[PDB]
C-alpha cells in the first residue's frame, strides 16, 4: 500500500510486459546489431533528455559492448544543460538532428538506436527520417500508445515509429507517471527510464549472445570498479578502436 511498493510493483509489471510482448522484437533488434558488427558497420544510440539515459546506459558500460557509441546532440544529453528548460526547447528545433548526423561518422549500413518515449517531437522524428535517408538502419524504442493518443509535433505529422526498421514498444502509458494520490492533482513516479534501460540492455545482451553463437567473440567491457577491469578494457578498446568514437 505504501508508495514505494506500488511504484516498484508497477515497474515490475512493465518489465514483465516487455519480456512477454517484445521478445521477438528484442531478438530482431539484437540480431540487427550483431549483423552490423559482423558486416563492419558502426553502432550508435541516441535519446533526448531523460531518454538519453537509456542510450548512455549501453555506452562504455560494464558488461556492455565496447562498439556501442553515443550520438551526442549538444544540450539534450541528459538534463545537464543550463537552463534545463532549454533541453525541452531544443527537442523542437528542426535541423539539429541533420547537423549532428551529418557531422558524425555514421555512414550507410550503420545502426542507430533512437529512444523517444513519445516519438512526437521534431528532433527524434527528424533524426530517424534523416538517418534512413543516409542509409542507416534505425531501431526505435518508443511507447507506441503515444502515436494514437497525441498529435505529432513534427511538420510531417508522423511519429518516430513511422521511420524505424525495428520498433521496440516501451509500453508506458501517456503521461509517464505510474501513481496517483487523491489529494494530489498531478500523477507521479515515472518508470520510463527503468523500462528503457532494461529494454536497451536486453537488446545489447541479445546482440552479444548472437555474435557468440556465430563464433565471434563479443567485445565486452568489464567494470572499472572491480580490480583489473581497466586493464581488461584497455585491451578491448585498442582492439576495436577503429569503430569506437569515445576514445582514441
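Numbering follows the first chain given and starts at 1.
Comparing 14-22 with 227-235, the higher mean C-alpha B-factor in the PDB entry belongs to 227-235. For the pair 197-205 and 181-189, the mean B factor over Cα atoms is greater in 181-189.
The entry lists C-alpha B-factors for 87, 74, 135, 140, and the highest of these is at 135. Across the options 48, 68, 37, 55, the residue with the most elevated CA B-factor in the record is 37. The PDB entry assigns residue 59 a C-alpha temperature factor belonging to the lowest third of its chain's modelled residues. When the modelled residues of the chain are ordered by C-alpha B-factor, residue 108 sits in the highest third. Residue 43: CA B factor lies in the lowest third for its chain, per the PDB record. Sort the chain's modelled residues by C-alpha temperature factor and residue 98 lands in the middle third, per the entry.
For residue 118, the recorded CA B-factor ranks within the lowest third of the chain. Only modelled residues enter the ranking.
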